[PDB]
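Participant: Below is a structure I'd like to ask you about.
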Amino acid sequence: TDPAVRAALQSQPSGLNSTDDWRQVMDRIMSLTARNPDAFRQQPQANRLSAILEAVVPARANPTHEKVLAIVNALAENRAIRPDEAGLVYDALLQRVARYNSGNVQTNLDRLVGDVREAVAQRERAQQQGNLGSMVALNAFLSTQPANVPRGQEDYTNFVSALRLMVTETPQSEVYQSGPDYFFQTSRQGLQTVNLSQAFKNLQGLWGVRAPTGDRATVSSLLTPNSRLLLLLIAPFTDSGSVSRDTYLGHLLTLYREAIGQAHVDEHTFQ
Amino acid sequence: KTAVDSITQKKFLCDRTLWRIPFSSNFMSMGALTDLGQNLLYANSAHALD
């Protein structure tokens with residue numbers, strides 16, 4: 001339903017148009033509501049009296065359950081526990097509060113429901129913002145890699161910046177380390193996993209010397225297919241002129257960029 | 001032809017039921033809470049019954 005744990009909670013512990021919002025009831029009971037006036041003037045006696053009796057002297061309520069359920073629901077929507085664990089932990093927290101209760105505890109509980117509401121919102125927006133963890137992993141890997149290439153350097157650093165931009169600009173992409181290598185998955189539960197360490201090791205020898213040799217397919221077999229996928233995934237990035245043209249790497253990047261381009265364009269055209 | 005003088009007796013049987021006298025103004029079931037029941041509540045008045 002709603003992600004805001006306050007909202008996704010308050011649907012559970014609440015009546016409908018009771019005296020929790022006193023102003024609306026008091027407006028409707030006299031005549032003040034304009035949507036349908038004289039509605040309350042013509043109800044049975046008991047009901048009328050009862051509301052009125054409720055209205056003049058409100059009845060106090062115990063909000064402990066509401067706050068505890070709010071924080072429990074926040075934990076559930078934030079993958080702190082499984083839903084069955086949610087049903088259990090609600091009672092657990094309820095007992096915990098009930099055996100240590102104090103005004104200070106209620107104050108801290110209100111503070112906590114505010115904090116968890118903010119936490120859920122922040123987690124969602126951060127998960128849709130770019131997943132800083134992948135950026136950290138990529139920076140660690142790049143620190144592992146050397147920053148100096150004896151044959152050509154502008155293309156190398158340009159490509160490195162292009163990769164950085166690619167991992168930053170597309171959230172849901174994963175960068176991590178499983179074994180003694182770093183990888184790059186284009187999506188959770190997704191295919192196209194590139195062995196980043198192996199790709200860089202293979203590509204180290206092709207940076208500044210494959211420009212004159214791009215015309216002859218004599219060294220074309222040096223490109224392992226994993227690195228070919230790695231280059232393919234960066235076709236939309238590293239636009240023309242970023243990588244020096246007339247280079248085997250540059251030629252491949254330009255071809256892939258042109259191909260992907262015709263495609264998306266034609267596709268948004270559809271019909 | 002020789003029928004004797006007759007005197008009529010009338011009686012009725014109503015089993016498996018209870019006579020009901022609802023506490024409502026017009027005797028009909030207009031709701032679970034009768035209107036007169038509503039009138040008497042909140043009156044805070046005690047009454048004796050015979």
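All residue names refer to the structure tokens as shown: chains lettered A, B, ... in order, residues numbered from 1 in each chain, ligands numbered from 1 in order.
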Please provide the set of residues having any atom within 12 Å of residue 96 of chain A, restricted to only C-alpha atoms, with same-chain residues fewer than 5 positions apart removed, written as an NGL selection string.
Facilitator: :A and (64 or 68 or 89-91 or 101-102 or 105)
Participant: At most 12 Å is the cut-off: for each residue in chain B with any atom that close to an atom of chain A, write down the nearest atom pair and the distance in Å rounded to one decimal, counting only C-alpha atoms, chain first then increasing number, as a tab-separated table.
Facilitator:
```
residue	atom	partner	partner_atom	distance
B:31	CA	A:44	CA	11.2
B:33	CA	A:46	CA	9.4
B:34	CA	A:46	CA	10.5
B:35	CA	A:44	CA	8.5
B:36	CA	A:45	CA	10.3
B:37	CA	A:46	CA	9.4
B:38	CA	A:46	CA	5.8
B:39	CA	A:45	CA	7.6
B:40	CA	A:46	CA	10.1
B:41	CA	A:46	CA	8.1
B:42	CA	A:49	CA	8.5
B:43	CA	A:49	CA	11.3
```
Participant: Include N, CA, C and O atoms and write out the residues we just selected as a PDB file, in the first residue's frame.
Facilitator:
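out_18.pdb was written with the following content:
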```
ATOM      1  N   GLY B  31     -35.846  -2.174  14.839  1.00  0.00           N
ATOM      2  CA  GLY B  31     -34.420  -2.199  15.100  1.00  0.00           C
ATOM      3  C   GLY B  31     -34.153  -3.012  16.345  1.00  0.00           C
ATOM      4  O   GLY B  31     -35.060  -3.310  17.128  1.00  0.00           O
ATOM      5  N   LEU B  33     -32.393  -2.044  18.913  1.00  0.00           N
ATOM      6  CA  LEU B  33     -32.615  -1.143  20.037  1.00  0.00           C
ATOM      7  C   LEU B  33     -33.918  -0.402  19.789  1.00  0.00           C
ATOM      8  O   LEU B  33     -34.010   0.429  18.884  1.00  0.00           O
ATOM      9  N   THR B  34     -34.935  -0.699  20.589  1.00  0.00           N
ATOM     10  CA  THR B  34     -36.247  -0.113  20.372  1.00  0.00           C
ATOM     11  C   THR B  34     -36.213   1.391  20.613  1.00  0.00           C
ATOM     12  O   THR B  34     -35.374   1.909  21.351  1.00  0.00           O
ATOM     13  N   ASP B  35     -37.150   2.095  19.976  1.00  0.00           N
ATOM     14  CA  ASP B  35     -37.199   3.546  20.121  1.00  0.00           C
ATOM     15  C   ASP B  35     -37.446   3.955  21.567  1.00  0.00           C
ATOM     16  O   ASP B  35     -36.768   4.848  22.088  1.00  0.00           O
ATOM     17  N   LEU B  36     -38.401   3.312  22.236  1.00  0.00           N
ATOM     18  CA  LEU B  36     -38.664   3.654  23.628  1.00  0.00           C
ATOM     19  C   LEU B  36     -37.475   3.306  24.507  1.00  0.00           C
ATOM     20  O   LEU B  36     -37.190   4.004  25.489  1.00  0.00           O
ATOM     21  N   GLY B  37     -36.766   2.232  24.171  1.00  0.00           N
ATOM     22  CA  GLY B  37     -35.527   1.944  24.864  1.00  0.00           C
ATOM     23  C   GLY B  37     -34.545   3.093  24.762  1.00  0.00           C
ATOM     24  O   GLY B  37     -33.874   3.437  25.735  1.00  0.00           O
ATOM     25  N   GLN B  38     -34.458   3.709  23.584  1.00  0.00           N
ATOM     26  CA  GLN B  38     -33.609   4.884  23.436  1.00  0.00           C
ATOM     27  C   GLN B  38     -34.130   6.045  24.268  1.00  0.00           C
ATOM     28  O   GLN B  38     -33.348   6.774  24.889  1.00  0.00           O
ATOM     29  N   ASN B  39     -35.449   6.232  24.295  1.00  0.00           N
ATOM     30  CA  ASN B  39     -36.014   7.339  25.056  1.00  0.00           C
ATOM     31  C   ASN B  39     -35.674   7.220  26.533  1.00  0.00           C
ATOM     32  O   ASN B  39     -35.324   8.213  27.178  1.00  0.00           O
ATOM     33  N   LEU B  40     -35.765   6.014  27.084  1.00  0.00           N
ATOM     34  CA  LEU B  40     -35.520   5.847  28.509  1.00  0.00           C
ATOM     35  C   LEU B  40     -34.046   5.895  28.881  1.00  0.00           C
ATOM     36  O   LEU B  40     -33.731   6.279  30.010  1.00  0.00           O
ATOM     37  N   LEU B  41     -33.143   5.516  27.987  1.00  0.00           N
ATOM     38  CA  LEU B  41     -31.727   5.566  28.314  1.00  0.00           C
ATOM     39  C   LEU B  41     -31.262   7.013  28.376  1.00  0.00           C
ATOM     40  O   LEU B  41     -31.878   7.911  27.800  1.00  0.00           O
ATOM     41  N   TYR B  42     -30.173   7.230  29.112  1.00  0.00           N
ATOM     42  CA  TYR B  42     -29.613   8.554  29.382  1.00  0.00           C
ATOM     43  C   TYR B  42     -30.531   9.410  30.241  1.00  0.00           C
ATOM     44  O   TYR B  42     -30.184  10.541  30.587  1.00  0.00           O
ATOM     45  N   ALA B  43     -31.706   8.902  30.598  1.00  0.00           N
ATOM     46  CA  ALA B  43     -32.592   9.624  31.497  1.00  0.00           C
ATOM     47  C   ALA B  43     -32.150   9.537  32.942  1.00  0.00           C
ATOM     48  O   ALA B  43     -32.566  10.368  33.754  1.00  0.00           O
TER      49      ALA B  43
END
```
Participant: Please, what distance in Å, to one decimal, runs between atom CA of residue 151 of chain A and atom CA of residue 177 of chain A?
Facilitator: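 Result for atom CA of residue 151 of chain A versus atom CA of residue 177 of chain A: 28.3 Å, one decimal.
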Participant: Set the distance at 6 Å and use only C-alpha atoms: which residues neighbour segment 122-138 of chain A once local chain neighbours fewer than 6 positions away are removed? I'd like the list as a list in words.
Facilitator: residues 168, 171, 174, 175 and 176 of chain A
Participant: Using backbone DSSP assignments, extract all helix (DSSP H, G or I) residues from chain B; output them as a short mmCIF file (atom, residue, chain, number, x, y, z; two decimals) with N, CA and C atoms, in the first residue's frame.
Facilitator:
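And here's states-v4.cif as it stands now:
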```cif
data_model
loop_
_atom_site.label_atom_id
_atom_site.label_comp_id
_atom_site.auth_asym_id
_atom_site.auth_seq_id
_atom_site.Cartn_x
_atom_site.Cartn_y
_atom_site.Cartn_z
N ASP B 35 -37.15 2.10 19.98
CA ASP B 35 -37.20 3.55 20.12
C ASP B 35 -37.45 3.95 21.57
N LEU B 36 -38.40 3.31 22.24
CA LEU B 36 -38.66 3.65 23.63
C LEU B 36 -37.48 3.31 24.51
N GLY B 37 -36.77 2.23 24.17
CA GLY B 37 -35.53 1.94 24.86
C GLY B 37 -34.55 3.09 24.76
N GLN B 38 -34.46 3.71 23.58
CA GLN B 38 -33.61 4.88 23.44
C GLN B 38 -34.13 6.04 24.27
N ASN B 39 -35.45 6.23 24.29
CA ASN B 39 -36.01 7.34 25.06
C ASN B 39 -35.67 7.22 26.53
N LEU B 40 -35.77 6.01 27.08
CA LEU B 40 -35.52 5.85 28.51
C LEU B 40 -34.05 5.89 28.88
#
```
Participant: Using atom CA of residue 9 of chain A and atom CA of residue 88 of chain A as the two end points, give the distance in Å to one decimal.
Facilitator: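 Here the two named atoms are 16.6 Å from each other.
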Participant: Got a sec: who's within 12 Å of residue 190 of chain A, counting only C-alpha atoms, leaving out chain neighbours fewer than 5 positions off, as a list in words?
Facilitator: residues 172, 173, 174, 184 and 185 of chain A
Participant: Can you write out the residues you just picked, keeping N, CA, C and O atoms, as a JSON list (two decimals), in the first residue's frame?
Facilitator:
```
[["chain", "number", "residue", "atom", "x", "y", "z"],
["A", 172, "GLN", "N", 20.74, 0.19, -9.55],
["A", 172, "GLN", "CA", 20.44, -1.24, -9.57],
["A", 172, "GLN", "C", 21.61, -2.04, -10.13],
["A", 172, "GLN", "O", 21.55, -3.26, -10.11],
["A", 173, "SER", "N", 22.66, -1.39, -10.61],
["A", 173, "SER", "CA", 23.87, -2.09, -11.03],
["A", 173, "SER", "C", 24.71, -2.43, -9.81],
["A", 173, "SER", "O", 24.74, -1.67, -8.84],
["A", 174, "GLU", "N", 25.39, -3.56, -9.87],
["A", 174, "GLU", "CA", 26.12, -4.09, -8.73],
["A", 174, "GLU", "C", 27.60, -4.17, -9.07],
["A", 174, "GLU", "O", 27.98, -4.67, -10.13],
["A", 184, "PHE", "N", 31.03, -6.92, -12.13],
["A", 184, "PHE", "CA", 30.08, -5.87, -12.44],
["A", 184, "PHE", "C", 28.84, -6.49, -13.06],
["A", 184, "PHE", "O", 28.85, -6.87, -14.24],
["A", 185, "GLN", "N", 27.77, -6.59, -12.28],
["A", 185, "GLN", "CA", 26.49, -7.12, -12.74],
["A", 185, "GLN", "C", 25.59, -5.96, -13.10],
["A", 185, "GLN", "O", 25.44, -5.02, -12.31]]
```
